[PDB]
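Okay, so here's just one chain, in structure tokens, the form deposited in one PDB entry.
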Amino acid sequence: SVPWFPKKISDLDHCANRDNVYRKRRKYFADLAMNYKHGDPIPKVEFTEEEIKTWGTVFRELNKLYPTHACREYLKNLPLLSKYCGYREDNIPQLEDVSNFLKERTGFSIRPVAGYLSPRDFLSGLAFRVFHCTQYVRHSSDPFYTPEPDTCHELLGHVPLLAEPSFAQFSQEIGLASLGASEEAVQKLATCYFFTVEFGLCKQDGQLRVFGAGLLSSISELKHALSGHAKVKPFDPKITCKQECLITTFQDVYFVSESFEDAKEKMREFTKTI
């Protein structure tokens, strides 16, 4: 039959909840997400000195790389976020501020999330231009890479591209295609999402650039992706969807899209086939 799926933005309420000082702090963030209901302003957080320091390292080092590494669309939106959302080395932007910024730019909004959602639930949010974002910060011991998404990843990796109309359309269309889809169809869409939105490369003016959020938030993998000691293949949904998504490590392959326009067109033809 058809699995349950959200029919309106508020329906995401029904799925978005599915050392030791660090553990209590993570519990603090998890509770903020769990207690959140659509319509609420997203709770603003007073980040600790250690948290801000970790952000600062990530922010400072990544901004050295972006001009030569990030796609043009990313670079176009990054300064607007400094101006309007408080993106500075000494300040961690608030999810509420960035959500409101996105709402005016592309209709995207943010919802705080306690941890990992199922691909089905995560993608369902995108259908309504809702991006589920973590609020906690990377453990201070490794600013260069983290196996789990943190707020640094959401804010530096995802947000600047969600502010771009062509990318927001591409993202929503993955979400829309997933709604009520088979288990097999969701996995293929989630893999395409992973190798574009999370870890994608694109060719711009003949050169390789990165648009993958998971690359754009990792000092170490961003350098690795374009080094180039990594394997790169063309983005092709029927091939890309079979690729294993790696966690805990750098990816073993990166897929190259021609443009956000082209990636969207390839996804449109592919979703008809499944």
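Think of the rigid core as the biggest set of C-alphas that the two forms share within 1.5 Å after superposition. Numbers for residues come from their place in the sequence shown, where the first is 1.
Novice: Just how many deposited residues go unmodelled from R18 to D19: none, 1 to 3, 4 to 9, or 10 or more?
Specialist: The entry has a long gap there, with 10 or more residues left out between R18 and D19.
Novice: Mean CA temperature factor from the deposited coordinates, higher in 181-189 or in 93-101?
Specialist: According to the entry, 181-189 carries the higher average C-alpha B-factor.
Novice: Hey, which bit's got the bigger mean C-alpha B factor in the entry, 72-80 or 169-177?
Specialist: According to the PDB entry, the answer is 72-80.
Novice: For the listed residues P237, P67, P43, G214, which one has the largest C-alpha B-factor as given in the deposited model?
Specialist: Checking the PDB record, the top C-alpha B-factor among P237, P67, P43, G214 is at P237.
Novice: Quick one: which of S227, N63, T57, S218 shows the highest Cα temperature factor in the PDB entry?
Specialist: Of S227, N63, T57, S218, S227 has the highest C-alpha B-factor.
Novice: Within this chain, which third does the Cα B-factor at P143 fall in: lowest, middle or highest?
Specialist: Highest third - that is where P143 ends up once the chain's C-alpha B-factors are sorted.
Just so you know, the form deposited in another entry exists too; it's not on screen, but the next bit is about it.
Novice: Of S182, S140, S166, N100, which is the single residue whose C-alpha shifts by 2 angstroms or more between this form and the one not shown after core superposition?
Specialist: With the rigid core fitted, the residue that moves is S140.
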